[PDB]
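To keep things clear, I will list the structure first and then write my remarks on it.
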Ligand SMILES: CC(C)=CCC/C(C)=C/CC/C(C)=C\CC/C(C)=C/CC/C(C)=C/CC/C(C)=C/CC/C(C)=C\CC/C(C)=C/CC/C(C)=C/CC1=C(C)C(=O)c2ccccc2C1=O
Ligand SMILES: CCCCCCCCCCCCCCCC(=O)O[C@H](COC(=O)CCCCCCC[C@@H](C)CCCCCCCCC)COP(=O)(O)O[C@H]1[C@H](O)[C@H](O)[C@H](O)[C@@H](O)[C@@H]1O
Ligand SMILES: CCCCCCCCCCCCCCCC(=O)O[C@H](COC(=O)CCCCCCC[C@@H](C)CCCCCCCCC)COP(=O)(O)O[C@H]1[C@H](O)[C@H](O)[C@H](O)[C@@H](O)[C@@H]1O
Ligand code: HEC
Ligand code: FES
C-alpha cells in the first residue's frame, strides 16, 4: 500500500534524517547507509528499539521500542521500497510471524546455535563481552521474529547469517532452541546466571562460605 | 523338584506351514502419495505407472511414464512370459485411456483396444509430425520380453492429466510411422506420398495390449 | 619480542587461479578392467560402451551394450546437443566396426558410415527375420536428444567379440525393418512383398552416426 | 569482508594471494593456548577469542590487535573448485594451533 509507504516516510522524516540523510543515504561519520538492509533489518532494529538512538558510542544498546507494530511495517516497507533486501517472515494473516518461526527440532538448533554463534553470547543465550565496549546482549527478552531478523541482518558486529549461509529451516531451528533455552527453567536450583563458574563462586562465598564462617563463629567463641 | 512344564509327547507335530509373513506396520508412519516434484501448474507427481491389459483382462506389459527433469521418461517393461509374439512391437500413446475389449469412439468397426478418439495422443494443437503419441519400439525376442526405456520431452505430467486420460498401447506388429520413401514406392491411387492413416499412427496390426497411464 | 614472519605488503596478490583439482592416487589400489561376469566361454566382461562418431570425427551419441543376465542390455544416450535432427532415429548394428567417413566393403558407392560388410549384424547362421542387427528407435525430440535403453537377448558378449568387431549406427530417418503391408501397398515391379534391401536393414537414409562397440 | 573495506587490508609475506576476492579464511584455533577464536566482529573486523579475550585484526592478517596473544592467527588459502565450490588452495604456511618449542624458522 502506497499510504503505508507514506506513513513510513512521515515517521522517517521526523526521527532519523539527522543520521540517514532523508534519501536513505548515510550521513558520513554520523550514521551509516540504510538501503539494501531492508524490512527485516528495520523490524529488528526498531522492534527491539535500538536504532531510534541517541548517541554513537561503543555500541547502541537495547531500549524500549520507539514505534509499534502498526508502524514498523510502514517503516520497513519504506526502507525496502527505497532499497531492498531481506524481509521479515509473515504468516497467513499478513502480520509479522512470531509463533510459526519455532522449528520442529531443538537439538539441531542446540548444536547449530552452539557452533555458529554461542561463542559470542553464551550457551543458553545470556550475554557475552565483546572487544571495545561493545557486548553481546541477553537473548531472554527476544521476540522470535526479532531473533530471526537478528541473525538474518546482523546489526552491529555480528555477522549477517544470511538466507544462504543458514537456511530458513536452520534459522527456525535456532530460534526454536533459544526460545526454549532462555525460557526453560534451570533444572535443579536457582540459575546463577547461565554461565557457570563465576556466579557459582561468588554465591559460594557470600551465600555458602559466609554462612559457614557465621556458623563457625556462633559455635566457637572468640578470645 | 522337577519343573512342571515338560514331558508330553503327543503326535509329533504337523510340519510348520509356510511363513506367509504379514507386512510391516513399523514403517507405516508415512503414506505413499503420487509422488513429489515441482511442476508449478495445476499439480502432479513424479511417478505414475501403467498396467497394459489385453482383450481377456490379463496383464501383458507394464508402462511407467513420468516427468522428472523436463523430459517425460517412459519405461515399458514386460509383465507376462508369453504375451507378445516373436517380433518387434510398436508402442503408441492413445488419446482415450479406455482399455476396452471392443470399443470405437467414431462410427466404425470396433477393433481390439481401439477405444481412442483417433490415433496418436499428440498435443492439443498438434496434428502433424511424430509428437508424443508415437513412441519407440519395444521389441520382443525369442524369450518373450519387450523392454524400452526412453525420454520424450514432447509431453509432460501436465499434458497426460487432461480431460480424457491417455493410454499406452502395443499392437502385434512394429512401429512404422510413415516410413515409406516416395522415390521408389507407390500408392494404390498412384500417389507418391503416404496415407493419412499412416501419418496419424504407425503401420501395424490390431492393438493387442493397452494400459491407462493414470497410475495403472 | 615480535615474531619474525610477518608484516610484508607486496602488491596484494593475483586472484587465485581456478582449482583444476588433480585426480586421486589414494583410491588407486585397483585397476578398472573390462568388467567382472561369468560367461563360461572364450572370455568377456560385463561392461563395454561405445562412442558414436560422425563424418567429421566428432561424437554424436554414445552406446553401451553388454551382457548381464543372458540379456544383451543396450543403452544409447546422446552426446552432443545439436547432432541429431528433429525426428525418430533408427538404431542398427553393423557387422564391421569401422566408422570411416567414406568406405564400402562391396563394389559400390561408399556412403556415410557404410563400412559394414552388408546390413544388419545378425548371427553367423542367421539371414532372415529381425535378429540382433536391427534395433529399436532412439527418437530425437525438439531438445535434440535420443535415448533408448533396451534388452535384446538375440546376441551376447560372446557374439559381439567376433573376428570382425561390430558397430552401432543411426541414420537420419527412423527404423522401418520391412513395415510395408502387402494388402494395400505395391512395388515398382508389381510385387506384393517387400524388397530384400528392406528385409536386410530398415528403410532410412544415409547413416549419420556410427560407433564401434569394442569399448568405445 | 564487506567490499567497501577492502582498501584497509594489508597482506603479509607469502600470503598475498590467500584471499579469494574478499573471501578470507582465517583459522578458528587462536594464536596462543589454542581455544577456538570463534567471536567475530564485522564493522570493526576483529576476531575475538572468548577464553582470554585476545582480539585479532580481520582486515590486514590476523595480527593481534590486543590481548595476550603475540602471533598472527593463521590464514588458509582459498580458491573455487570446478563447479564453483570453495576449496582450500593448499595447506597453511605456518603451524596453525597454539605455540610450542619447535616453531618459526
Ligand atoms: C594469606 C596469603 C595468601 C599469604 C600467602 C603467602 C604469599 C606470600 C604467597 C605468595 C602469593 C602471591 C605472590 C600471589 C597471590 C596468588 C594467590 C595467593 C593464589 C593462592 C590461592 C590462595 C592462597 C588464595 C588466598 C586466600 C583467600 C583469598 C582468602 C579469602 C579472603 C578472606 C580472608 C576470607 C574471608 C572471606 C569470606 C568471609 C567471604 C567474604 C566475601 C568476599 C566478597 C569474597 C571475595 C571473593 C573471593 C575471595 C573469591 O575467590 C571469589 C571467586 C569467584 C567469585 C567471587 C569471589 C569473591 O567475591
Ligand atoms: C521454597 C520451596 C522450594 C522452591 C525451590 C526454590 C529454589 C529456586 C529454584 C526454583 C525455580 C526458580 C528459578 C527460575 C529459573 C532461573 O534460572 O532463575 C532466573 C534468574 O534470573 C534472575 O536473576 C532474576 C531473579 C531475581 C531474584 C533474586 C536473585 C537471587 C539472588 C539472591 C542470588 C544471590 C547470588 C549472590 C549475589 C552475589 C553478591 C554480590 C555482592 C529467574 O528466572 P526469570 O527471572 O523468570 O527469567 C530468566 C531471567 O532471569 C534471565 O535473565 C534470562 O536470561 C533467562 O534465564 C530467564 O529464564
Ligand atoms: C634427557 C634430557 C631432557 C630433554 C627431554 C626432551 C629432549 C629429547 C631430545 C630427543 C630428540 C633430539 C633431536 C632429534 C629430534 C628432532 O629431530 O626434532 C627435535 C625434537 O626435539 C624437541 O622436541 C626438543 C629439543 C629440540 C632439539 C634442540 C633443543 C635444545 C636446544 C637447541 C635449545 C637451547 C638453545 C636455544 C635457546 C635456549 C632457551 C633460550 C635462550 C627438534 O624439533 P624440530 O627442530 O622442530 O624438528 C622437527 C622434526 O621433529 C620433524 O620430524 C620434521 O618435520 C621437521 O620439519 C621439524 O618439525
Ligand atoms: C560478535 C558476534 C555475534 C554473534 C556471532 C551473534 N551475535 Fe547476536 N548480537 C551480537 C551483538 C553485538 C548484538 C547487539 C547489536 C545491537 O545492539 O545493535 C546482538 C544482538 C542479538 C539479539 C537481540 C537481543 C535483544 O535484546 O533484542 C539476539 C536475539 C541475538 N543477537 C541472537 C543471535 C543469533 C540468533 C545469532 C546467530 C545464530 C547471533 N546472535 C550471533 C553479537 C553476536
Ligand atoms: S585462548 Fe584464545 S587467545 Fe588465549
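Protein chains in written order, with the deposited numbering: chain C, 72 to 294; chain Z, 21 to 236; chain Y, 21 to 236; chain A, 317 to 421. Here a beta-carbon is modelled for each residue, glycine too, at the ideal position from N, C-alpha and C.
From which residue to which residue does the beta strand (DSSP E) around residue 104 of chain Z run? Where residue 104 of chain Z is concerned, there is no enclosing beta strand (DSSP E), given that its DSSP letter is neither H nor E.
Taking DSSP as the reference, what is the three-state secondary structure of residue 237 of chain Z? As displayed, chain Z neither begins before 21 nor continues past 236, which places residue 237 of chain Z out of reach and without an answer.
What is the DSSP secondary structure of residue 357 of chain A, reduced to helix, strand or coil? strand
Assuming residue 177 of chain C and residue 251 of chain C are in contact, meaning their beta carbons sit under 8 Å apart, how far apart are those beta carbons, in whole angstroms? 6 Å
Chain C residues whose Cβ lies nearer than 9 Å to that of residue 356 of chain A: 190, 191, 228, 229 and 230
Host alpha helix (DSSP H) of residue 171 of chain Z (start-end): Careful: residue 171 of chain Z lies outside any alpha helix (DSSP H), inside the beta strand (DSSP E) at 168-172.
I'd like the list of long-range same chain contacts for residue 247 of chain C, defined as Cβ closer than 6 Å, with 5 residues on each side in sequence excluded. 173, 174, 177 and 180
Does the Cβ-Cβ distance between residue 72 of chain Y and residue 156 of chain Z come in under 8 Å? no
Where does the unbroken beta strand (DSSP E) through residue 114 of chain Y begin, and where does it stop? 110-114
Please compile the residues from chain Y whose C-beta is within a distance smaller than 8 Å of the C-beta of residue 395 of chain A. 36, 37, 38 and 39
For ligand 5, is there a heavy atom less than 7 Å away from the beta-carbon of residue 385 of chain A? yes
Sheet register partners of residue 269 of chain A (DSSP bridge): The structure shown has nothing for residue 269 of chain A, since chain A only spans 317 to 421.
Test item: CB-CB of residue 167 of chain C and residue 146 of chain C under 8 Å: no
Return no unless some Cβ of chain C is closer than 8 Å to the Cβ of residue 369 of chain A. yes
Going along the chain, which residues of the stretch 200-211 of chain C sit with their C-beta nearer than 8 Å to a C-beta in chain A? 200, 201, 202, 203 and 205
Need the endpoints of the alpha helix (DSSP H) that residue 218 of chain Y sits in, please. 216-220
Answer yes if the stretch 169-177 of chain Z comes into contact with the stretch 82-101 of chain Z, meaning at least three C-beta pairs across the two stretches below 8 Å, and no otherwise. yes
Contacts around residue 78 of chain C, its chain only, beta-carbon distance under 6 Å, and the 5 residues preceding and following it disregarded: 145
Stretch-stretch touch, CB-based, cutoff 8 Å, three pairs: the stretch 109-118 of chain Z with the stretch 42-51 of chain Y: no
Have a look at Y/190, Y/226, Y/221 and Y/180 and flag the residue whose alpha-carbon is nearest the alpha-carbon of residue 129 of chain Y. Y/226
Opening and closing residue of the beta strand (DSSP E) in which residue 154 of chain Z lies: 154-157
Can you pull the chain C residues whose beta carbon is under 7 Å from the beta carbon of residue 362 of chain A, in chain order? 202
Residue 67 of chain Z versus residue 188 of chain Z - alpha carbon distance: 16 Å
Any heavy atom of ligand 3 within a distance shorter than 7 Å of the CB on residue 471 of chain A? This structure cannot speak to residue 471 of chain A, because chain A is shown only from 317 to 421.
Go ahead and label residue 318 of chain A buried or exposed: buried means 16 or more other beta carbons lie within 10 angstroms of its beta carbon, across all protein chains shown. exposed
Considering only the alpha carbon of each residue, which of Y/23, Y/80 and Y/56 lies closest to residue 191 of chain Y? Y/80
Measure the CB-CB distance between residue 177 of chain Y and residue 64 of chain Y and report whether it falls below 8 Å. yes
I'd like to confirm something about residue 243 of chain C: is its beta-carbon nearer than 7 Å to some heavy atom of ligand 4, or not? no
Could you check whether the stretch 133-143 of chain C touches the stretch 100-109 of chain C, counting it as contact only if at least three pairs of C-beta atoms, one from each stretch, sit closer than 8 Å? no
Go ahead and pull the three-state DSSP assignment for residue 87 of chain C. coil
So, using beta-carbon positions, are residue 143 of chain Z and residue 179 of chain Z closer together than 8 Å? yes
Residue 86 of chain Z, enclosing beta strand (DSSP E) - first and last residue: 79-87
Name the residues in the stretch 188-208 of chain Z whose C-beta lies less than 9 Å from a C-beta of chain Y; which are they? 193, 194, 195, 196, 197, 198, 199, 200, 201, 204, 205, 206, 207 and 208
Report yes or no: is there a C-beta of chain C within less than 8 Å of the C-beta of residue 331 of chain A? no
So, using beta-carbon positions, are residue 385 of chain A and residue 377 of chain A closer together than 8 Å? no
When the distance is taken between beta carbons, is residue 76 of chain C closer than 8 Å to residue 152 of chain C? yes
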